């Protein structure tokens, strides 16, 4: 009944070079501070101190967080071999009642809560139009579908929460998926998207400047100015 946080931070983050040439993405800094720190401090300040960080590319640079925040680091040796599906596979049983977080995000405000009662997707609305995973939901905010597409709307923004019963249904797809031998290129998120029919997930529309994703030096350049 205690809420923990899983942070996916193993990737190479090649789209951000030269910035990530000798620095993992998660530890890239804005307003003179590492990206992963903002989320760790927001998670702790909200009483979520059970924090597991999946590492890989340049993992030695994370070691100091154990001492500083008391985070549990976990090594994915296949961080360049597979996609983050495997990273989550590694801690596939800690999913229940835990937050899953894409480390490459800048959080403007702390939207975390240990009172969460159901599987949630913390969705921001992209007025523009880029290729993302889009959430298809009604007035009950229950997620009807997830669709990859290029357009505008509410997307999977890199922060979610999975309750025990749903997590259980998910882990069962992870096993089959893994044993299938076909998951290399799969995002852990494919488990939900391709099985959304069997799961009950809800959206939590965020607003204003909240979760800014940095997938390229240009974004880093934008968020830079937004912070002006």
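Residue numbers count along the first chain shown, from 1.
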Check: Between 198-206 and 62-70, which has the higher average C-alpha B-factor in the PDB entry?
Finding: 198-206
Notebook entry, point to check: Which is higher on average in the deposited entry, the C-alpha temperature factors of 49-57 or of 170-178?
Noted result: 170-178
Next item on the list: Just grab whichever of 127, 132, 102, 77 has the top CA B-factor as deposited.
Entry: 127
Notebook entry, point to check: Which third of the chain holds residue 116 when residues are ordered by C-alpha B factor: lowest, middle or highest?
Noted result: highest
Notebook entry, point to check: By its CA B factor, does residue 85 count among the lowest, middle or highest third of the modelled residues in the chain?
Noted result: lowest
Check: Within this chain, which third does the Cα B-factor at residue 97 fall in: lowest, middle or highest?
Finding: middle
Item checked: For residue 216, the third of its chain into which the C-alpha B factor falls -> middle
Margin query: Could you place residue 91 in the lowest, middle or highest third of its chain by Cα temperature factor, using the values in the record?
Written below: lowest
